[PDB]
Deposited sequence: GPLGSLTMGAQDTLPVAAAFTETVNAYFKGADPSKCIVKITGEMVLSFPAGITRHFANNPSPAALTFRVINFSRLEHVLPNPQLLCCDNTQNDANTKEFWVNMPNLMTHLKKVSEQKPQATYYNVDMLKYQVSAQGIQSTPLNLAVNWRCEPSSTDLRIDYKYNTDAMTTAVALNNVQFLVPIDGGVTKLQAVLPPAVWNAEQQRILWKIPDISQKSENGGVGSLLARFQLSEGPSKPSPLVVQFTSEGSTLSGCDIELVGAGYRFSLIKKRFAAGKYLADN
């Protein structure tokens, strides 16, 4: 029989924006490549103590710096890299987890940890630019965002996007909010939630968040906007995976990315 196997690329994009100046944008993208095996394998490997070699290739591998291969399972060319998995250590590992997690239907294993070479604001899926105008008893906030297709290999939506920003100065009331937000009085912060941002969004993916605050113990000190969002269907790196040799097929290759530490200063 030929064994089903699964694969996931999961990337975190960290970004820091400074006012409206793109040159001052610091970006850092990291990722994990994970393989997954179905329970059956244990039995399967019991059948055969000399199984078919698990060998794969990463495509667009040159887009990665700082690559750490799983020390127990790997590592010992230009734009592709090939790997031969250590089968005795994998069989061992998978036996151990199966014995401790007997009701598990599948087992994930970390294969590769890496960085993705990122070139400034171009590598960033949600361009951001914040401006504060802080008056003694007043405060105006503006956030400008632009969905950026260039950052990702295939054009995919950004989901569950959150814009959180703390507001100093002793806020007493907010006016002129657009689109609607939520005020958290206890933490003294404002939160905008947008369910989806894509090319097929209300405005092409490009829009503004506005707010005005009245103060009693002003003026307020500008604070970092923190952003959250996830995404399924595409990498930032452009990596894919191929199986080389016989004995296994990919049942599924999951690609996805997410905001990690994603901020905007004044």
{"query": "Gaps in the model (deposited sequence, numbered from 1)", "finding": "1-11, 88-92"}
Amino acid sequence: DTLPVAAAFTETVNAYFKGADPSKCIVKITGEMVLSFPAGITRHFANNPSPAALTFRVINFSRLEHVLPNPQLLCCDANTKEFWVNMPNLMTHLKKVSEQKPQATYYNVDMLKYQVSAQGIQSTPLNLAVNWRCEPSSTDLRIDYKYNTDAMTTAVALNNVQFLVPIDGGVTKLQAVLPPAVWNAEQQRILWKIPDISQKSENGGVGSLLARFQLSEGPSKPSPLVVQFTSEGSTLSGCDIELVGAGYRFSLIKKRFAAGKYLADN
From here on, numbers count along this sequence of modelled residues.
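Here, rigid core means the biggest group of C-alpha atoms that superpose within 1.5 Å across both forms.
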query: Stretch departing more from the displayed form, 46-54 or 218-226, Cα RMS in 4 other deposited structures of this protein (core fit); finding: 46-54
query: Rigid core superposition result in 4 other deposited structures of this protein, more deviant of 98-106, 167-175 by Cα; finding: 98-106
query: Stretch exceeding the other in mean C-alpha B-factor - 235-243, 213-221; finding: 213-221
query: Stretch exceeding the other in mean C-alpha B-factor - 193-201, 222-230; finding: 193-201
query: Top residue by Cα temperature factor, when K146, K173, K81, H93 are compared in the entry; finding: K173
query: Residue with highest C-alpha B-factor in the PDB entry, from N159, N89, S98, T124; finding: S98
query: Position of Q119 among the chain's modelled residues by C-alpha B-factor, lowest, middle or highest third; finding: highest
query: Chain-relative CA temperature factor third for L141; finding: middle
query: Among modelled residues of the same chain, the CA temperature factor third for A181; finding: highest
query: Record-listed C-alpha B factor of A20: chain third; finding: middle
query: Third assignment of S62 from its chain's C-alpha B-factors; finding: middle
